[PDB]
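Chain nomenclature is as follows: A, B, C, D, E, F and G, assigned in order of appearance, with residue numbering initiated at 1 for each chain independently.
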Amino acid sequence: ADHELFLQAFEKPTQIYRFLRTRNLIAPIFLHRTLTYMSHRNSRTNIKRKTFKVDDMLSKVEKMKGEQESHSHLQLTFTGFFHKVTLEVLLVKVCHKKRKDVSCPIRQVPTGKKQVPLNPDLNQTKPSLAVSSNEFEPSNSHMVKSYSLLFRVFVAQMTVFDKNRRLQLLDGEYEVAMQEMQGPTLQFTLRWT
Amino acid sequence: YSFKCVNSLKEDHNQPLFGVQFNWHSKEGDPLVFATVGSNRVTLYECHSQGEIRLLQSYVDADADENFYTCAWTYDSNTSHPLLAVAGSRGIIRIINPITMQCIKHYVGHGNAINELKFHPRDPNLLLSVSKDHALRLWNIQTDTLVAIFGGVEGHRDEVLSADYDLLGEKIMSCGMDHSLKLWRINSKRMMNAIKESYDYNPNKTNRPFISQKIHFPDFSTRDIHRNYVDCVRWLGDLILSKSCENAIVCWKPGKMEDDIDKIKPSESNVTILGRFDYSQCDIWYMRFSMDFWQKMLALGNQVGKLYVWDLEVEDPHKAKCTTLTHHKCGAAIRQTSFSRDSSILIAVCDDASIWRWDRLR
Amino acid sequence: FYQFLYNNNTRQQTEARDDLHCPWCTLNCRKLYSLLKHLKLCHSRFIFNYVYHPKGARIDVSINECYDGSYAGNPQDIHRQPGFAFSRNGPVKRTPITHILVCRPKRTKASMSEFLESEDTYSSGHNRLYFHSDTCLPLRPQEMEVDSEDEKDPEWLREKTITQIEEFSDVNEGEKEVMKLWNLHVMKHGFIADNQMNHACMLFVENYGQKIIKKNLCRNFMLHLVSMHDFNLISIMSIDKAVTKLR
Amino acid sequence: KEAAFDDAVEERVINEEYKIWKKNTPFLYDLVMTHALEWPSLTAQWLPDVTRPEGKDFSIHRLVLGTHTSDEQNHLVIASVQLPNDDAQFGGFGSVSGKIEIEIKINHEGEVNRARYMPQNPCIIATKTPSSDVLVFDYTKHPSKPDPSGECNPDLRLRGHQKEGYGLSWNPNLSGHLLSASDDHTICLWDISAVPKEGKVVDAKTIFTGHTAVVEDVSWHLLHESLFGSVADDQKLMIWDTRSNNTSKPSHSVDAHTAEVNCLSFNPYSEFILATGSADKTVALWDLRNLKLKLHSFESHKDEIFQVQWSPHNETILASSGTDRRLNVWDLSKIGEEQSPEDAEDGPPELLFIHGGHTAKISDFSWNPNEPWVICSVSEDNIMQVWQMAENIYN
Amino acid sequence: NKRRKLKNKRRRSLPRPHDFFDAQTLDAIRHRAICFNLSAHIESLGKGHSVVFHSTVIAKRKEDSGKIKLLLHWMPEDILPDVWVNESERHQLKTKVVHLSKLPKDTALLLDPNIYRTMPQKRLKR
Amino acid sequence: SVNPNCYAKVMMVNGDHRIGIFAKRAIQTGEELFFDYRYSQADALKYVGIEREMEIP
Amino acid sequence: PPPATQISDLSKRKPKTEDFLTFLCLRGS
């Protein structure tokens, strides 16, 4: 008869199996490398004789190899807004979710503002610098995720740090898009005085 | 008598249609909503002026491949939300709340199929589901606990398909293919104790489950009324209507004409026949008529698609001045009929997925 | 080549996208044995067969008619009302159960010569859910023990026999009550022996002798006794006992 | 709501996964035992004593558990189980009579928050209860049959904690010495060996107040009776030593993870190795000397983990499980070992094995002496799971 | 029993044990899968094992030298943390394909909650 | 079933004919019970043709 | 159906509506 009805009979089993693959490829029920008939996987034997006190000094070896530091004291100088009204900036702090709380809490602070002209394109004026202290702290970042910054004339966001303990930004020039409620945009550059 | 077809809609599934239901459980000024059960689809509609009918939310039983047979409008006092129970060949009761858009009360336990659904006139939480296995079970949906069951050892030896509540909900008539006429008195001192206790139950109270009761001894029985299958009996006050495949409708009262219905003992066997509103062209069963809200007007369809209409006034079977309304476009099989909570709107449903609304010509 | 068959009435054939790769799970099997082993276990909802190809490999598949798709947890949970089902929010009394599925893995080595040619349960306990016999309703493990549902004498039987007594016309009501009490005494206990017959005598008078006074049907009851003494089930001293119990 | 709808869909999923897991189970597991209990038990542990009947593959093992019920009387229960020492004996392996049963019942109060046997005499046990007093029992003195009167006899029970809690650890060397944690943020100690006929209730011998948060784990060093540590929700663990003057200043301290930590486990073989899980899907370990540097971290788990244990007879094996309804096995000898791309896509080399054969979340998993290759595990569904991995993974 | 064969020794033909799944959930999953493919394109573009990431720029960054950089961003908004890229490697990163095994931990629930649901959903009890 | 764990046996009690059932073999907890209806072979196929048996040999 | 095109029949069967992809699934109708 018509294969459409034949396909219709088998559609649900295949659709079920397609979703089953997707979740297991993300949350597997078992280790496929442990399969007897898949023996080429994990072909290496278990050398249980391998000691584990060696992990102690090996950890020190990588730690002095992976020593990190940060500049010091964020600074940034303003540049004219570009669009076809002043602008405000905000700083936020993101924290890890604990057992009792359902969603990871986030705290925000009004870092400052600047009196940007009404879409100043060029030759607007004769500059101003925004001063940021050492608000970020590695010990604080131990208990909370990395911080981030907000921009509103109008919403925009820019994050300072990553979980790899390496700073994302640097003292070059920046020009972020400015979305409302290409297009609106604010420019500046970063410093470390 | 003062009626004419003003509207007619047909469902696209072309499945045979079944029990109709008009939401008489409404309030003054509420939209006039009625419901109907198909094979596996359930559809609701509201009548409107000019002959328009606006299709309302409609569902389908895409999981249970069965033909729905009976339905009954439902109301919840707690949420003030109306509902409507349904049933079919698989003997499973589902009660969908239009406010919830869904059914969340699941009730199974009947043997083969369900062929009748009706609520208590006073308590909306009590329902009788007549079944194919000759069983008469009662459910306390508000407590979800089962109530006494009727039939059993001395019940109908054949499938019952027609039963009715009286106006006050005190006696329940029952008739099936065995042509037996068995009734049971609700007011029996034992039962309301259980009904009260049906409302007093906690599953976590004890390991002992609720004790629903069993009955086998009707307050009266007989079979002399019809020599063919009976499928339409109603409580005409203290009088009892009855319709068979033999193209006659007969009303009758127990014992002698002076005998009180409530004074009749179970040992009684006498009959008083006072009904001759006969018909024709409808020699097959599984046809159900309709009644107006005020019990003043009787309308019955026909297999050949006509109508058999009489009033419940002083007009009596002494002459039986019939009103045979007819629409030429409808002739296949008038499966059921349904009045509104008044005598103004009549909806006639044909078997071939088509309905035919008749509005009063007053 | 993948063959899909519906009673051979309608069928579709496709071509494999790369060899030794699962169409559904997208696993690079790298072994046709690891492939066919993957097919049955992973895709249990279907059936699979090897029909060979001009190249050498062709697979035909179809639906598992006896697929074991069903709920595996506590059976009592399914029949609860929605919302109450799948609660998992409190301890639930459930019947004990035990199953044994692996006594020793066979661990047979892979071999296609045997595998293609071939292609070419220690449970214990009350597993399934039981239902109330009287009312066709599901049981709960809580009451799973006391539920005899059976006894010496059902209630409806008591009703039917009493009704049948009234049918008799030749019997005055004084006598009619006598056997009603006496009979209902009988299948209440189900005596079967002559010794029990006598023992039932002082037993019946002991329980209902006051009710005999209440009904004031004593004289009929002495005569009802005398019949048994005529039937040899009663001795004279037994009759004396009834007199003492009555008075 | 959609969450209710999705959970209902999730109910179908977990049933599917168990079905799928069951299908593949025999070819990956060398033993499959399953049993369901009337009332869920929070924790379970093997009796160290074991006996193997002559000429009989099934070995006599005994397990101890508690009772958690809705509103009925709870009991302290000890159950026996038979498991085939020889798999060559094919009533699948043994007789049809069954290989598992329960022998001991004693009235229990509330639910067993935590219970263990003191090593120098497994007959005497202590049980953490919803009541403040930590109950102590010995099944030898008490009748095996449950007492229907409802009375319990927590003889030599322990006082000292204001409220209930989690965390119990007998001293491996000192007899009668155990550390208990509570919601009182305090760690209490007792000396059972020194307990007189004082009234069958023993006040805390020593009370510690180091952690600021609810202390939930505390354990002695597996080799040193003097050394012990505590773990609380404060995400900070602190190492302690006995007789060290004030009881609130720890000898050492470190924050284990960025989320709450409630699981501590020293290595029985290596003195220095101390495994520490966390609720942030992360499990780690530390060194007795190197507190500032984490040796390694494990994050394969997809939810909170609070039960950790080191495999017997196997120093390289550590296992943990939690709310993700998964149990993860790790090979220490394989940390960072190069593996084929078919292995990296499967898991890290250090990841030994992953088990997920239980519809309900498992609250406890426990192996036993003399059987390093089987794990008992208690799920919420009253299910007792015992299973043996294939030898092929560990050659 | 020593001669105990495989588990297949049950019966020839018996009534079906009734399937646990349902229809209305099946359609919802399909449409959820359908709308999932409308953005991730696992079935259409990823062949059931891959996801397509098209690159967009939020900010343009220029240093003191000619290493002008762009901050690439991808539409699913559940993608990897946002990274700075230069102008030279623009226009071919405009189509990034990442395997499922390479997805971050948090992305497991971002794409679909039903991938893993913490069944208690709250602290009813320990 | 054709190979039942139970069998039917007529008996005489106090002048009353009755039929009882007894276990054809020893039986453990939770078994399903069977006995031979003992109709004709053609009748057996007509009503009780289901045998639910796999052939070991 | 006469053309046994490819494994693409799966990609033909599922997206029967809502902008069927690849524009070639119609061949194996």
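In this text, a residue touches a chain if its C-beta (ideal position, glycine included) is under 8 Å from a C-beta of that chain, and two chains touch if they have at least 3 such contacts.
A.B. asks: If I rank A-C and E-G by number of C-beta contact pairs, which comes first?
C.D. replies: Between the chain pairs A-C and E-G, A-C carries more contacts.
A.B. asks: At what distance in angstrom does the C-alpha mean of subunit D lie from that of subunit B?
C.D. replies: A distance of 62 Å separates the two centres.
A.B. asks: List the centre-to-centre spacing of subunit A and subunit D in whole Å, with centres computed as mean CA coordinates.
C.D. replies: 37
A.B. asks: Between subunit A and subunit G, what's the gap in Å when you average each chain's C-alpha atoms?
C.D. replies: So the centroids are 40 Å from each other.
A.B. asks: Compute the distance, rounded to whole Å, between the mean C-alpha positions of subunit D and subunit G.
C.D. replies: 54
A.B. asks: Would you pick out the residues of subunit B that each touch at least 2 other chains?
C.D. replies: Touching at least two other chains: none.
A.B. asks: Two or more other chains in contact with one residue: find those residues in subunit G.
C.D. replies: 1, 9-10, 14
A.B. asks: Quick check on subunit E: which residues sit in contact with 2+ other chains?
C.D. replies: In subunit E, 3-4, 9-10, 14, 20-22, 29-30, 43, 48-49, 101, 108, 114, 116, 119-120 touch at least two other chains.
A.B. asks: Run through the chains and report each pair that touches.
C.D. replies: Those chain pairs satisfying the definition are A-C, A-D, A-E, A-G, B-C, B-E, C-D, C-E, C-F, C-G, D-E, E-F, E-G.
A.B. asks: Once bound in the complex, which stretches of subunit C touch subunit A?
C.D. replies: Within the complex, subunit C touches subunit A at residues 4, 6, 9-12, 24-27, 30-31, 33-34, 37, 42-43, 45-46, 63, 107, 110.
A.B. asks: Within the complex, which stretch of subunit D touches subunit E?
C.D. replies: It comes out as residues 3, 5-10, 12-15, 42, 90-92, 166, 281, 299, 302-303, 323-324, 345, 361.
A.B. asks: Provide the residue numbers of subunit G that touch subunit A in the complex, in ascending order.
C.D. replies: Result: residues 1, 9-10, 13-14, 29 of subunit G touch subunit A.
A.B. asks: What residues of subunit C sit close enough to touch subunit G in their complex?
C.D. replies: On the subunit C side, the touching residues are 2, 12-17, 23.
A.B. asks: Tell me, which parts of subunit B touch subunit C in their complex?
C.D. replies: Checking each residue of subunit B against subunit C gives 104-106, 108-109, 111, 144, 146, 149, 152-154, 207-209, 212, 214, 216-217, 267.
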